[PDB]
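Participant: One structure, pasted below without further comment.
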Amino acid sequence: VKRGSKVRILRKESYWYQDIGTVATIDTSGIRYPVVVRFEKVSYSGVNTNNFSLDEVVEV
Amino acid sequence: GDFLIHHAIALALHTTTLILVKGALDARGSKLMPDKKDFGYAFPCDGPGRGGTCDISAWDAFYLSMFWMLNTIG
Amino acid sequence: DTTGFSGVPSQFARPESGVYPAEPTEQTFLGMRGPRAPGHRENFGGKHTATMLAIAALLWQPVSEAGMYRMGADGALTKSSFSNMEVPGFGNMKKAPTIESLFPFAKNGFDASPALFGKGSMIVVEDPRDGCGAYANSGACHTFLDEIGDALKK
Amino acid sequence: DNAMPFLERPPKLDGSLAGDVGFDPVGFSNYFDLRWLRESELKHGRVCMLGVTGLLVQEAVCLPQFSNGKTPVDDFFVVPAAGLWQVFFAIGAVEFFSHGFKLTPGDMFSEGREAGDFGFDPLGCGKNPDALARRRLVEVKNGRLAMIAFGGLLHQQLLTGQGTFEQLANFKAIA
Amino acid sequence: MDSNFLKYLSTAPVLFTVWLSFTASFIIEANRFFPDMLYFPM
Amino acid sequence: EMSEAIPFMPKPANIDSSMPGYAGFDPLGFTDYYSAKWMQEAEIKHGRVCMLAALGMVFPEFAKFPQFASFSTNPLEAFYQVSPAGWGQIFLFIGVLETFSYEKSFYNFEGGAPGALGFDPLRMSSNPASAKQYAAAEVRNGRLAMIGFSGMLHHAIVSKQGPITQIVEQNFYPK
Amino acid sequence: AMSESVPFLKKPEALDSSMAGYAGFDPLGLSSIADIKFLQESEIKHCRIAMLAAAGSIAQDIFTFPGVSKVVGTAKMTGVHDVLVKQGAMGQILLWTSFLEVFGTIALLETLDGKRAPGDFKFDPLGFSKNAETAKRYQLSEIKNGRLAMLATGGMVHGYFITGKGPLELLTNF
Amino acid sequence: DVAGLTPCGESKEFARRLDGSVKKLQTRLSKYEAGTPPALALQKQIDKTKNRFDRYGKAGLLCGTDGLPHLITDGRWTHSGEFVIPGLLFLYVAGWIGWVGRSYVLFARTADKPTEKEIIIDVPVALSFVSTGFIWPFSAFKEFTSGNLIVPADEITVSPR
Amino acid sequence: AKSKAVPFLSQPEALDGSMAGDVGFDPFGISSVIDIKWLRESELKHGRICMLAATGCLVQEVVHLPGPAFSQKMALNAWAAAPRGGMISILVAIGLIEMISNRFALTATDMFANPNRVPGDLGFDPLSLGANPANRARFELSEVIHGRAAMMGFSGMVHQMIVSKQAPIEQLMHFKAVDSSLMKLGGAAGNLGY
Ligand code: CLA
Ligand SMILES: CCCCCCCCCCCCCCCC(=O)OC[C@H](COP(=O)(O)OC[C@@H](O)CO)OC(=O)CCCCCCCCCCCCCCC
Ligand code: KC2
Ligand SMILES: CC1=C(C#C/C(C)=C/C=C/C(C)=C/C=C/C=C(C)/C=C/C=C(\C)C#CC2=C(C)C[C@@H](O)CC2(C)C)C(C)(C)C[C@H](O)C1
Ligand SMILES: CC1=C(C#C/C(C)=C/C=C/C(C)=C/C=C/C=C(C)/C=C/C=C(\C)C#CC2=C(C)C[C@@H](O)CC2(C)C)C(C)(C)C[C@H](O)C1
Ligand SMILES: CC1=C(C#C/C(C)=C/C=C/C(C)=C/C=C/C=C(C)/C=C/C=C(\C)C#CC2=C(C)C[C@@H](O)CC2(C)C)C(C)(C)C[C@H](O)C1
Ligand SMILES: CCCCCCCCCCCCO[C@@H]1O[C@H](CO)[C@@H](O[C@H]2O[C@H](CO)[C@@H](O)[C@H](O)[C@H]2O)[C@H](O)[C@H]1O
């Protein structure tokens, strides 16, 4: 994906699984979860953003 | 009177089923606790985080539906 | 921002067709001005509706006077319903559905005339004034202006 | 010329069809095929030419097999119901075969058939071209007259109850 | 009228109490003039 | 494009002039959600059943079968006067006809035309113009029969008689 | 540009001297509201019906066709309408005038299109409008007599509604 | 009649209900003088009781053995004014409220801050929406068919199971 | 920048003198809350119904359709006496007129979705009486004023039919004043009920 795009979450244990967030940054290092996605809805923890891998995220 | 009480029994059988079905279907996981299966059937809670997780186990929906069973057979 | 009752669907987040038709200024006599198909107004416009309304009005005059008019021995003729005209070949359907079935004036007691209404059942025009004047009246008539005069003189 | 001079001449009526004096005020032939309209006119005229002959002859002549109505219209009722169905289906069979089983505006003239032309010329009366043109005019004009005449004969017989020739003989005005 | 007082009257509890009081008020008025409506009359 | 039925509404995207009874009429868009060919075949089947139903509601006014000659001319009473062996045989016959639409729609949905159950015994629709006219005529007469049967059914509910009987007795209104 | 008929009022901006019976008289501005061609056709239709009505009132007072005195009573003008509706006289007059006015509707629509002058049904069996001067002169005579006939028709029928006498008999008596 | 019930106009038990209900109020009226405010109030209560029983008797309601009206709700048209027609009035109002609220939550999602629109309601826009509800069956069915009521299953958050 | 109708108030926005009858009258500021297009559509609709309603009350006093069901001089009695099937036919026909004339853009979210749509312009000109552009300003003004007047007049006539159980013309010609013995206003809570 790329920064600023709208993405659909495919992590089944995510609060926002199959919801739309937007990508803030993508790391270039050997990071296990580089895609940082921010979400309008807040989780039960109150967090509204999480880091995901590429294979857990699809452009819409 | 028979009509009204039969509808009351319908509410009771459906509500006990709701609690029990919610317990059975959400036994293995939920948005509140995705890995609920890893904790078993009867565990107390997942703690006060994520808003509060009291009576989140499938056993606890057995527990809550036992009152609704007693109410319906009542 | 949304004006409120603005009626633009995008403002209220309502789904919109987006295809907003241009408004032709052409108008038909018994229809409204609106978007119409190409050639619609020429074929089915004022000329069509006025002519067809005229034809329907002309065709109404036999329809209003619908009935079996049979002359007796004397010149006098008797109006009977078309239901009396039995049909030979339709089995148990001896009486046949007719024009009176579509226009049942007699059943409803309308008694239609070629010009609508008719001797039996005609427009009722009555004088609300009841044969007295606007002012300067007797006991039988007390007008509103008479009440003003009665209020002034008391 | 033009039947109704005040009105502008209808465009689809170009005078090719017989009897085209330009009499189309309502606006037919601008909405419907002229061929379907002419086919209807010729069939209505032919059925009515036979019908006026039917009213006049049936007052005079009654076959032994059937009874006679008080008026020629009443004949329709006195004749047996099954016979009326046999004539209706027989005419239907003629209509199916004559039009080649295409009996609708969309398919009737799909074969290129000329309006009101069934190729019925057994005695070869219409073989001559100029005679055919004059007689085509005669057929439509007598047919239109017969449609009018049939209306009057049927309506007068229903009103007077006596039949055409009787009404002409003993005439009773409505009172 | 003040825009902040109108924005206060647009708050959820005020509108909820006013709308359900208006709702309650026309149920009360309809049952005052036309009482004992166990059925739709037909 | 705009709808031809509603000239202020846009054309419904999933209906097309190809279909026999097309008028552009889908104000509530069933075809943008449901399969247009499923709706097409379903409309055609409702109309064919309704065309028989309209004819069947009207026909025992005229004549009855000798076995059911004693039955009533009100169709909603003649419904209950038929024996359950009779309704079982009617249901078995309709089911045998349906076995063909079960293949035509649940297995062979795409191959053919909507409502094409291979029932053309007199070899009509061979001429293409005639086929076009018959297709549109079937759909329009089916819709007309749906409306007409709906009418005549509720008319038989209000006044407990057949539609033709209600007409001749002029019992047109609830009493 | 001020009106010839009402000098303190303006020209009615839809009327021109090429019209028949023009006097600049449209004070109420009805011509602006509705199409002048329709109004011209309507004026002429009112004019010709009332002209026939005016001559009919006069002639009905003068003589009466054979046999008619039985069917009607001593009724005259509007009085005969209720009884001659019972017989088919008014029914037949309505039917045939209605039949003509169906074509009159088509003719009025042709007038709105502009393909015909209002009231021009081309009806000239005997020859009067061969010359152009005579044609315009007779169109002016027609419109003026017609407007007078309409006023006269109102006068005759209201004289019947007051006295019951009829035109000639109101001249002879009072 | 239906279900072994008797029409309320000819059942004796409904009549004794009305007579007993009026006797209770008349014995309360027997302890007051004619023009006093309690007596006037009690007499209006008696009038209302008589009107209720008079209206119920002529309404086509069916009474039981207990003399109280019973509702037949099986779908029959001779009794549709007890559930089927009041139910149609309910479903129209309920679908009105649902369509109006759904339209407002979809409006509020397209706002600068969506959650202030739900605790501080944009009253002109919400009143535009409450006016929208009168044609909700058509508006909602066109919404359903145009793919705007139902979201696909792959746009909805679900638990891992 | 003051209103001309109410000189001590500020001139309301969305009222700019373009619309007919725009004299600057909106003291409660409804036009600031509700779009003036919807309000003018609703004002024209109320007034047009009221113009027919005022004419209805007076003409039903003078002329009746024949028959005993249409013989109610007093207009509020015609509501009950007129055949129910036909009054519901009127109601259904009004609903059909509303859906076709508004072209299925009936709600406050989709009427005026077309930018060509104008407040009050349903495309109704059967005899093309608005074909002349010059009269448009006067006609639109005179329609609005006739509508407003008829709103006030019909409201009066109804509430005069309630007070005096008399039709409006024969209430003017057989006027009997308000005795005040009956028709008292209010009072449901003063006497604590009953
Ligand atoms: C689907 C078409 C249809 C059918 C079959 C009927 C059938 C019936 N109607 Mg209904 N009606 C319809 C449409 C229809 N109506 C519509 C669309 C309207 C609303 C405009 C009405 C309004 C209506 C009323 C108000 C009444 C009826 C009545 C009747 C009944 C008696 C009819 C009678 O005696 O006619 C024969 C009589 C006539 C033909 C007289 C016509 C009278 C004139 C023309 C009325 C003037 C029209 C006026 C200018 C309206 C203009 C507005 C309009 C253009 C929108 C009959 C059951 C009456 C009833 O129930 O009586 C028991 C009744 O009171 N109808
Ligand atoms: C733009 C349209 C303009 C409409 C103008 C309205 C004209 C009629 C208004 C009343 C005329 C005179 C009243 C004297 C009559 C009067 O004052 O009676 C008094 C009555 C209360 O009774 P009392 O306590 O006075 O009893 C007194 C004793 O003397 C008798 O027992 O007041 C009311 O509450 C009645 C009105 C209903 C109140 C609620 C109305 C419905 C609410 C709808 C939403 C709000 C709308 C506005 C509400 C104000
Ligand atoms: C031979 C069949 C036939 C008959 C017997 C007939 C009789 C009458 C009568 C008789 C009393 C009137 C008063 C009348 C009037 C109108 N007809 Mg006509 N009409 C017929 C055929 C068609 C077709 C095929 C169309 C059509 C139309 C219109 C429009 C609307 C135009 C618009 O508002 O722009 C109006 C006002 C067009 C349409 O739009 O209908 C919604 C359209 O295509 N008509 N029509
Ligand atoms: C396919 C095939 C062929 C075939 C075939 C067959 C068997 C074809 C059968 C066709 C049929 C039975 C068509 C019947 C249509 C009935 C209609 C449209 C009635 C509508 C009623 C209305 C409008 C009404 C009404 C009423 C109302 C509501 C109010 C009432 O008061 C009155 C009233 C009555 C007016 C063959 C065999 C030739 C071979 C070929 O190779 C292929
Ligand atoms: C839509 C909406 C608006 C609006 C509006 C409104 C409120 C419009 C109201 C319209 C009305 C009142 C229409 C009435 C029609 C009456 C008829 C057809 C009478 C028929 C009589 C018959 C058939 C008979 C009979 C006979 C019988 C049976 C037996 C005899 O003994 C009696 C009798 C002889 C008479 C407007 C236009 C203002 C604006 C905007 O666009 C929005
Ligand atoms: C647009 C259009 C055309 C059209 C059209 C139509 C239908 C035109 C009709 C227009 C109408 C009906 C106008 C009526 C206005 C009535 C008013 C203002 C009454 C106010 C009453 C008051 C103030 C009062 C009062 C009273 C009080 C309370 C006390 C009472 O005791 C008495 C009293 C009565 C004195 C057509 C169709 C020709 C085609 C054209 O192409 C386009
Ligand atoms: C040609 C029709 C084309 C569309 C027809 C479809 C109609 C749609 C539903 C029609 C409903 C009929 O509506 C019903 O009929 C008439 C209408 O006055 C009324 O009937 C009433 O008036 C009639 C007419 O004098 C009386 O004979 C009858 O005793 C009385 O009950 C009913 O109270 C009403 O419920």
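Ordering of the structure tokens sets the chain letters (A, B, ...), residue numbers begin anew at 1 in every chain, and ligands are numbered from 1 in the order given.
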Give me, as a PyMOL selection string, the set of residues whose atoms come within 9 Å of any atom of ligand 2, counting only C-alpha atoms and all ligand atoms.

Facilitator: (chain E and resi 22+25-26) or (chain I and resi 184-193)

Participant: Using only C-alpha atoms, determine which residues lie at most 7 Å from residue 149 in chain F, disregarding the query and same-chain residues fewer than 5 positions distant; provide the list as a short mmCIF file (atom, residue, chain, number, x, y, z; two decimals) with N, CA and C atoms, in the first residue's frame.

Facilitator:
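See selection.cif below for the written result:
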```cif
data_model
loop_
_atom_site.label_atom_id
_atom_site.label_comp_id
_atom_site.auth_asym_id
_atom_site.auth_seq_id
_atom_site.Cartn_x
_atom_site.Cartn_y
_atom_site.Cartn_z
N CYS F 50 -51.83 -16.58 -14.52
CA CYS F 50 -52.92 -15.59 -14.38
C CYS F 50 -53.80 -15.54 -15.64
N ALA F 53 -55.91 -18.30 -15.22
CA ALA F 53 -56.76 -18.00 -14.04
C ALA F 53 -57.86 -17.00 -14.41
N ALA F 54 -57.53 -15.97 -15.19
CA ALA F 54 -58.55 -15.00 -15.64
C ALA F 54 -59.58 -15.75 -16.48
#
```

Participant: Could you tell me, counting only C-alpha atoms and all ligand atoms, which protein and nucleic acid residues lie no more than 8 Å from ligand 4, written as a ChimeraX atom specification?

Facilitator: /F:48,50-55,58,119-125,140-152,155,163-164,166-167,172

Participant: Please list as a count of residues only every residue within 6 Å of range 49-54 of chain A, counting only C-alpha atoms and excluding residues in the same chain fewer than 4 positions away.

Facilitator: 7

Participant: So that I can check the secondary structure, give me every residue of chain E assigned helix (DSSP H, G or I) by backbone DSSP, as a ChimeraX atom specification.

Facilitator: /E:3-9,12-33

Participant: Skipping near chain neighbours, those fewer than 6 positions away, what residues fall within 12 Å of residue 22 in chain B using only C-alpha atoms, listed as a PyMOL selection string?

Facilitator: chain B and resi 14-16+28-30+56-62+64-65

Participant: Report as a list in words all protein, DNA and RNA residues lying within 10 Å of residue 125 in chain I, evaluated on only C-alpha atoms, omitting residues in the same chain fewer than 3 positions from it.

Facilitator: residues 26, 27, 28, 29, 30, 31, 32 and 33 of chain C; 121, 122, 128, 129, 130 and 131 of chain I

Participant: May I have the residues from that selection written out with C-alpha atoms, as an mmCIF file, in the first residue's frame?

Facilitator:
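Written output follows (part_32.cif):
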```
data_model
loop_
_atom_site.group_PDB
_atom_site.id
_atom_site.type_symbol
_atom_site.label_atom_id
_atom_site.label_comp_id
_atom_site.auth_asym_id
_atom_site.auth_seq_id
_atom_site.Cartn_x
_atom_site.Cartn_y
_atom_site.Cartn_z
ATOM 1 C CA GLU C 26 -43.175 22.713 -23.658
ATOM 2 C CA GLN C 27 -46.578 22.072 -21.990
ATOM 3 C CA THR C 28 -49.548 19.816 -22.930
ATOM 4 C CA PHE C 29 -53.164 20.869 -22.236
ATOM 5 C CA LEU C 30 -54.019 18.023 -19.831
ATOM 6 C CA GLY C 31 -50.479 17.221 -18.716
ATOM 7 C CA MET C 32 -47.636 18.964 -16.962
ATOM 8 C CA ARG C 33 -44.413 20.515 -18.161
ATOM 9 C CA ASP I 121 -43.121 25.258 -10.256
ATOM 10 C CA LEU I 122 -44.642 21.823 -10.689
ATOM 11 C CA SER I 128 -50.045 28.255 -21.147
ATOM 12 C CA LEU I 129 -51.207 31.364 -19.301
ATOM 13 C CA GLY I 130 -47.645 32.029 -18.145
ATOM 14 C CA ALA I 131 -46.352 32.007 -21.727
#
```

Participant: Would you list the residues that come within 7 Å of ligand 5? Count only C-alpha atoms and all ligand atoms and give the answer as a ChimeraX atom specification.

Facilitator: /C:108-110,117,121 /I:45,48-49,52,65-70,90,94-95,97-98,101

Participant: Kindly export the residues of the current selection with C-alpha atoms, as a PDB file, in the first residue's frame.

Facilitator:
```
ATOM      1  CA  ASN C 108     -76.006   5.125  -8.849  1.00  0.00           C
ATOM      2  CA  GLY C 109     -79.101   7.175  -9.724  1.00  0.00           C
ATOM      3  CA  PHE C 110     -77.098   9.761 -11.708  1.00  0.00           C
ATOM      4  CA  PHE C 117     -76.046  16.023 -15.137  1.00  0.00           C
ATOM      5  CA  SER C 121     -80.128  15.125 -10.809  1.00  0.00           C
TER       6      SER C 121
ATOM      7  CA  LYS I  45     -48.871  24.659  -1.626  1.00  0.00           C
ATOM      8  CA  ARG I  48     -53.198  27.032  -3.434  1.00  0.00           C
ATOM      9  CA  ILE I  49     -55.107  24.446  -1.305  1.00  0.00           C
ATOM     10  CA  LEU I  52     -59.563  26.213  -3.493  1.00  0.00           C
ATOM     11  CA  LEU I  65     -73.746  18.723  -6.985  1.00  0.00           C
ATOM     12  CA  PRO I  66     -77.157  17.013  -7.148  1.00  0.00           C
ATOM     13  CA  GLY I  67     -78.378  14.363  -4.781  1.00  0.00           C
ATOM     14  CA  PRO I  68     -79.026  14.221  -1.043  1.00  0.00           C
ATOM     15  CA  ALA I  69     -75.408  13.369  -0.121  1.00  0.00           C
ATOM     16  CA  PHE I  70     -74.212  16.710  -1.570  1.00  0.00           C
ATOM     17  CA  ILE I  90     -60.132  12.382  -3.587  1.00  0.00           C
ATOM     18  CA  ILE I  94     -54.255  13.834  -4.156  1.00  0.00           C
ATOM     19  CA  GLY I  95     -51.530  11.363  -3.157  1.00  0.00           C
ATOM     20  CA  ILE I  97     -50.924  13.989  -7.838  1.00  0.00           C
ATOM     21  CA  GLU I  98     -48.274  14.577  -5.175  1.00  0.00           C
ATOM     22  CA  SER I 101     -46.270  16.278  -9.970  1.00  0.00           C
TER      23      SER I 101
END
```

Participant: Residues of chain A within 10 Å of chain B, counting only C-alpha atoms - could you list those as a PyMOL selection string?

Facilitator: chain A and resi 12-17+43-47

Participant: Restricted to N, CA, C and O atoms, what would the selected residues look like written as a tab-separated table (two decimals), in the first residue's frame?

Facilitator:
```
chain	number	residue	atom	x	y	z
A	12	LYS	N	-7.86	-11.23	11.79
A	12	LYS	CA	-9.13	-11.71	12.33
A	12	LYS	C	-9.32	-11.35	13.80
A	12	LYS	O	-10.46	-11.22	14.25
A	13	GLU	N	-8.24	-11.16	14.54
A	13	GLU	CA	-8.33	-10.79	15.95
A	13	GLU	C	-8.26	-9.29	16.16
A	13	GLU	O	-8.28	-8.83	17.31
A	14	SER	N	-8.23	-8.51	15.09
A	14	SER	CA	-8.32	-7.07	15.21
A	14	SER	C	-9.71	-6.62	15.61
A	14	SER	O	-10.71	-7.28	15.29
A	15	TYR	N	-9.77	-5.53	16.37
A	15	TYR	CA	-11.04	-4.86	16.63
A	15	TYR	C	-11.67	-4.35	15.34
A	15	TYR	O	-12.89	-4.37	15.19
A	16	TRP	N	-10.84	-3.88	14.41
A	16	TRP	CA	-11.30	-3.28	13.17
A	16	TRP	C	-11.15	-4.21	11.98
A	16	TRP	O	-10.89	-3.73	10.88
A	17	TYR	N	-11.23	-5.52	12.21
A	17	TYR	CA	-11.21	-6.51	11.15
A	17	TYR	C	-12.34	-6.25	10.18
A	17	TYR	O	-13.46	-6.03	10.62
A	43	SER	N	-10.92	1.30	19.83
A	43	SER	CA	-11.04	-0.10	20.31
A	43	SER	C	-11.62	-0.11	21.72
A	43	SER	O	-11.88	0.98	22.26
A	44	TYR	N	-11.82	-1.30	22.30
A	44	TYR	CA	-12.30	-1.39	23.70
A	44	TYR	C	-11.23	-0.78	24.62
A	44	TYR	O	-11.60	-0.23	25.68
A	45	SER	N	-9.96	-0.87	24.22
A	45	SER	CA	-8.86	-0.27	25.02
A	45	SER	C	-8.85	1.25	24.85
A	45	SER	O	-8.15	1.92	25.62
A	46	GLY	N	-9.60	1.76	23.87
A	46	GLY	CA	-9.62	3.22	23.60
A	46	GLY	C	-8.63	3.59	22.52
A	46	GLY	O	-8.69	4.75	22.04
A	47	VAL	N	-7.77	2.66	22.13
A	47	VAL	CA	-6.76	2.92	21.06
A	47	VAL	C	-7.50	3.05	19.72
A	47	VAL	O	-8.46	2.30	19.51
```

Participant: Residues up to 7 Å from ligand 6, counting only C-alpha atoms and all ligand atoms: could you list those as a tab-separated table (two decimals) with C-alpha atoms, in the first residue's frame?

Facilitator:
```
chain	number	residue	atom	x	y	z
I	51	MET	CA	-57.58	29.30	-2.37
I	52	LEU	CA	-59.56	26.21	-3.49
I	54	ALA	CA	-62.05	29.28	0.45
I	55	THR	CA	-63.69	29.00	-2.98
I	124	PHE	CA	-48.61	23.32	-14.13
I	125	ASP	CA	-49.68	25.60	-16.96
I	126	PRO	CA	-52.39	23.68	-18.94
I	127	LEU	CA	-53.56	26.69	-20.92
I	128	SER	CA	-50.05	28.25	-21.15
I	129	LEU	CA	-51.21	31.36	-19.30
I	130	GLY	CA	-47.65	32.03	-18.15
I	146	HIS	CA	-54.06	35.35	-3.08
I	147	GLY	CA	-52.60	32.31	-1.38
I	149	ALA	CA	-55.24	35.84	1.88
I	150	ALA	CA	-56.94	32.51	1.32
I	152	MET	CA	-56.29	33.68	6.47
I	153	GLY	CA	-59.82	33.60	5.05
I	154	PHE	CA	-60.32	29.81	5.12
I	156	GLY	CA	-61.51	32.26	9.59
I	157	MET	CA	-64.39	30.52	7.85
I	168	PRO	CA	-70.08	31.54	5.81
I	169	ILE	CA	-72.39	33.46	3.44
I	171	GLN	CA	-73.62	33.34	8.57
I	172	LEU	CA	-73.02	36.81	7.17
```

Participant: With 7 Å as the limit and counting only C-alpha atoms, what residues in chain C lie close to chain D? Please list them as a list in words.

Facilitator: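 In the required form, that comes to residues 51, 69, 70, 71, 75, 76, 88 and 89 of chain C.
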
Participant: Please write out the residues within 6 Å of ligand 1 as an mmCIF file with N, CA and C atoms, in the first residue's frame, counting only C-alpha atoms and all ligand atoms.

Facilitator:
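Saved the output as result17.cif:
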```cif
data_model
loop_
_atom_site.group_PDB
_atom_site.id
_atom_site.type_symbol
_atom_site.label_atom_id
_atom_site.label_comp_id
_atom_site.auth_asym_id
_atom_site.auth_seq_id
_atom_site.Cartn_x
_atom_site.Cartn_y
_atom_site.Cartn_z
ATOM 1 N N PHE C 105 -74.688 4.780 -14.711
ATOM 2 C CA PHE C 105 -75.359 5.985 -14.233
ATOM 3 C C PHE C 105 -76.640 5.645 -13.481
ATOM 4 N N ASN C 108 -76.322 4.112 -9.836
ATOM 5 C CA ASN C 108 -76.006 5.125 -8.849
ATOM 6 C C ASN C 108 -77.046 6.228 -8.814
ATOM 7 N N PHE C 110 -77.651 8.490 -11.170
ATOM 8 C CA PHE C 110 -77.098 9.761 -11.708
ATOM 9 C C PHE C 110 -78.018 10.308 -12.800
ATOM 10 N N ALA I 82 -70.737 13.701 2.488
ATOM 11 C CA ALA I 82 -70.231 13.262 1.191
ATOM 12 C C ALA I 82 -69.822 11.796 1.246
ATOM 13 N N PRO I 83 -70.146 11.006 0.189
ATOM 14 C CA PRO I 83 -69.787 9.581 0.132
ATOM 15 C C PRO I 83 -68.325 9.281 0.417
ATOM 16 N N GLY I 85 -66.398 6.631 -0.023
ATOM 17 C CA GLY I 85 -65.651 6.105 -1.157
ATOM 18 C C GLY I 85 -65.101 7.193 -2.051
ATOM 19 N N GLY I 86 -65.910 8.214 -2.313
ATOM 20 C CA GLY I 86 -65.443 9.315 -3.122
ATOM 21 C C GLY I 86 -64.501 10.265 -2.423
ATOM 22 N N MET I 87 -64.657 10.457 -1.116
ATOM 23 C CA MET I 87 -63.716 11.311 -0.396
ATOM 24 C C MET I 87 -62.354 10.633 -0.260
ATOM 25 N N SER I 89 -61.369 8.508 -2.496
ATOM 26 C CA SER I 89 -60.915 8.646 -3.877
ATOM 27 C C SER I 89 -60.216 9.979 -4.110
ATOM 28 N N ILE I 90 -60.769 11.062 -3.550
ATOM 29 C CA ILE I 90 -60.132 12.382 -3.587
ATOM 30 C C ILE I 90 -58.771 12.333 -2.907
ATOM 31 N N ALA I 93 -56.305 10.274 -4.984
ATOM 32 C CA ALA I 93 -55.964 11.063 -6.160
ATOM 33 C C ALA I 93 -55.008 12.189 -5.814
#
```
